[PDB]
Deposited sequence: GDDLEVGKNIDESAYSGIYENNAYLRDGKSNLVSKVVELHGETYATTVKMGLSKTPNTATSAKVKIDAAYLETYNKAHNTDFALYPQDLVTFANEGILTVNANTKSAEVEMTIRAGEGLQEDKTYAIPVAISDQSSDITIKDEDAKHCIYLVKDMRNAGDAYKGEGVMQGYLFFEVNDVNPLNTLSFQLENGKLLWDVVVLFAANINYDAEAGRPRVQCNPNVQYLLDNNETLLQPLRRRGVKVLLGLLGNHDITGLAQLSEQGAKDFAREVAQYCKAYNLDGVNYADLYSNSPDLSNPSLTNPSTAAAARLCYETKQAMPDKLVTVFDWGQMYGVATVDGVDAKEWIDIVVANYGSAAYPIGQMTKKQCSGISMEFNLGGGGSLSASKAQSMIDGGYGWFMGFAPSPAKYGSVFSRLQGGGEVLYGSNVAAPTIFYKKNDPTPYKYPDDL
C-alpha cells in the first residue's frame, strides 16, 4: 500500500505555515489522480476541492518519491483542499488534506514543539478566555480548546441517540461567530466536547450502526458550526438497554468504532479522546490503525497518556492539570524538559476561570521558556460568560 512517508498515514492533514511543505509518498510511479477525488468525496460524503496541481512537485519511485507542496495565492482560506495520489484497490491511493494557515498563525509556535489542549467548563466560563494566555513573545499558548461539553442522550421521540446541548452549549453554538470564531481566526482549533449524561446512551456503548449514525451527527455539528473536531469523554452514562438496536455492551471496541467512524465522516478534523472509562484502548477498526483516527489522547489529571497501534507519544499528553481543583502538577521548567525528553506532544489543562487566574498562571511559570524560548505572560484581560467584550484583569473581576 501507499501512504505518506513521513507520517505513514494513508490520509494526512497538512497545515501550511510557510510557502513550502516537503514529504515523501511511499509504496513504479505516482501521480495526482484528480478523477479519484470524486470517488473519495463520495465515500466520505465530503466536498474537498482539488489542490492546484501546479503547486505540487514530485522529484518515479526510488519505494518512495519526494513530493513538495507549495502554498498558493488564489485559494479560499478556512478551506481544505485535496491531493489524491495514486500509484486492494484502496491500497493504490493515499490523500493529503491541505489547509493554508499562514494568516491564522497566532497559536503556531513552531515545528516540533509541545502543544496545548484546554477544556473550558462552558457552563461557567467564556472560551474567549483562551486569549488571556499568551507567551511574552505574543504567541497564544493553547493550540486546541474544547467546549466541555455537549452530551450524548437518548432522543425517545426519534428512537435514537442524539447530541444534546444544554442551554450554555447551545448559546455558544448559536453565537459562534462572536464567541468561537474569533479564536479560529487566530489559529486556535475549537473542538466540541461530548460527554455521557445519565441515560442508556454512552460513547463506548453504541452498536456499529448506532456509532456510525452518531459519528455522522457529530461531524454534521462540526460542519454546521464551523468547528475543528471533537473530544469524547466516556463518563456519566448508565447501563445500556441491550435490546435497543443503537446500543451494545460497553467496551473499548465500541468506543473505537465510534472514533473510527467519526474520523471517516470528518477526515480533515480532529478526533480526540479523554482516556477514562471505556473510551480508549483498541488499536484497530476494520483493519485501520488508530494513528489514522485518534489525533490526540489526553489522560486523567496526574497521569500521562500512552500511545496504541502506530501512534507515538507525540499524540499524547504528558501532563493534565485540573485548574479548578488544583491537581495534576505544574508546567514548570523541569516538567517541560521531562516531557520533551519523553517525546510527549501535548500538555492538557481543564476548567480555568478568571477568578482563579493567579493559581492557573502560577502553574505555568518557567515551562514556556523551556518549550518555546518564551515564558507565559501575566494576563491582562478576561471575558465574562456570554459577553464578547474584553475586560481588564484583574480590576473588572
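Coordinate coverage of the deposited sequence breaks at 1-23, 51-61, 94-96, 100-106, 132-141, these segments carrying no C-alpha atoms.
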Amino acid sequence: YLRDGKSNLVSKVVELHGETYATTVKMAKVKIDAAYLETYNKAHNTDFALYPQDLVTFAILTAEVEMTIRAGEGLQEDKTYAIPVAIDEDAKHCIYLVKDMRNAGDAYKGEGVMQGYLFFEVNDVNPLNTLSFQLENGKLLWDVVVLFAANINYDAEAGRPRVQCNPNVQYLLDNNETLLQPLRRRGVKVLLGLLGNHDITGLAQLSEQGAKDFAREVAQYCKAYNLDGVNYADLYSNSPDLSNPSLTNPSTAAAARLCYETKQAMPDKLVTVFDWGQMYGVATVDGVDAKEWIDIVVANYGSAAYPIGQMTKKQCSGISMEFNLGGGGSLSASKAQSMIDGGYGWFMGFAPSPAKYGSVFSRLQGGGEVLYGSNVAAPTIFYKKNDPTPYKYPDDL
From here on, numbers count along this sequence of modelled residues.
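Comparing 292-300 with 69-77, the stretch with the higher mean C-alpha B-factor in the PDB entry is 69-77. Averaged over their C-alpha atoms, the temperature factors of 105-113 and 255-263 are higher for 105-113. The PDB entry assigns its highest CA temperature factor, among 148, 133, 171, 96, to 96. Sorting 208, 177, 322, 90 by the CA temperature factor given in the entry leaves 90 at the top. Ranked by C-alpha B-factor against the other modelled residues of its chain, residue 343 falls in the highest third. Residue 157 sits in the middle third of its chain by CA B factor, as recorded in the PDB entry. In the deposited entry, the Cα temperature factor of residue 376 sits in the bottom third of values across the chain's modelled residues. Remark: residue 231 belongs to the lowest third of its chain, ranked by C-alpha B-factor as recorded. In the PDB entry, a CA B factor belonging to the highest third of its chain's modelled residues is recorded for residue 30.
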